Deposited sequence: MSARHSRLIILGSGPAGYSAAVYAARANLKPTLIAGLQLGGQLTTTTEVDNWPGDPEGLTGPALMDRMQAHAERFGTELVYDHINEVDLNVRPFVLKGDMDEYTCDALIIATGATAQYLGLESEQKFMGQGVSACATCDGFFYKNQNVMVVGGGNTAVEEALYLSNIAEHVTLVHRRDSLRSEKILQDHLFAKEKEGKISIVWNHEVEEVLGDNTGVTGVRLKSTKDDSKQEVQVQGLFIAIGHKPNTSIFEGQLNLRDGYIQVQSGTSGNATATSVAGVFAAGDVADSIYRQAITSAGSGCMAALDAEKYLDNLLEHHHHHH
């Protein structure tokens, strides 16, 4: 038989653990099913942790916090949901779960090159987050790989920090928005950004310093080109972790659509009783602190929903 909980939070992470702490201190006894921050080596922008913080260390603290006030943690992978009936059904490998309210905090997944040189130097000068790691390379030279909105915005961000940015793309045109393109070409004219078209990364180069260069290979002939850089930012793209909700929730480009606004219920989805927090619904800011904030919001939204539902039953 299915394990029923009043509230289930799906996903461990800043948003999920934040919702757990608030739901548990509201006396809701939430269940969290655990199954972008845990890959960052040095975390320097979690407000109130000025030095020494690492991604895994922050997750351990958030996990301990959720458990301290009585969250039930469950280690399972959910391969299917039914949001058409209430209580909502979550089908896992180990058990089936049902709940009266659901908070979805499944995050998003950054895509990488898939190169051993890239994995070798992951954390030693290879990064997927300009906002997290850009300040390291003030007055130094960096490279951004990719061709969509994300790559363009990261090169723009970094162009106020780095001495020079090299943006590399495998096609010869960008799939990004026209305002972002205009800003980029302005910076290129002033010498702050260079763009290398029709190329892909062949090998990440460095030593005990970490990254020192990148060898590119052209996608239209056999030629190669070495660029000296201290930081490599992989910005191929982000994918919200929403495949199991397709056809059951309103999505926009794979992100879960939430009500937002300034009059409460800001994390509500298109299904009553289902709330979404963090990077699964946020395409713009995508930081641990903003995710933690929305998880707190989802907890209060869910609390008010469950209380009103409670008022009319039995």
Gaps relative to the deposited sequence fall at 1, 37-41, 321-323
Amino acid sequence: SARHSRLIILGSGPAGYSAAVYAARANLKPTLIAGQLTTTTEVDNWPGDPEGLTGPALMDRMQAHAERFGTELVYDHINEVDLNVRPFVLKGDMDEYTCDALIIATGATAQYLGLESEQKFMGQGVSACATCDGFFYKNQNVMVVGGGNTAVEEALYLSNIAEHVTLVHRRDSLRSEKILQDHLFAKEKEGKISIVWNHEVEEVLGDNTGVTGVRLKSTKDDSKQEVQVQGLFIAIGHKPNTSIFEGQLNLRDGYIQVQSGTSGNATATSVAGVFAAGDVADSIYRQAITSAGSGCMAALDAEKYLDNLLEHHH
From here on, numbers count along this sequence of modelled residues.
As the entry reports it, the stretch among 132-140 and 178-186 with higher mean C-alpha B factor is 178-186
Mean Cα B-factor check, 81-89 vs 191-199, entry values; winner is 191-199
Among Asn45, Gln63, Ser270, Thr38, the highest C-alpha B-factor in the PDB entry belongs to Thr38
Entry-reported C-alpha B-factor of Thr98 relative to its chain, by third, is lowest
Assert third(CA B-factor, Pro50) within chain per record equals middle
Quick tally, chain-level thirds of C-alpha B-factors: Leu113 sits in the highest
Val211: CA temperature factor from the record, placed by chain third, in the highest
On the chain's distribution of Cα B-factors, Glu246 falls within the third called middle
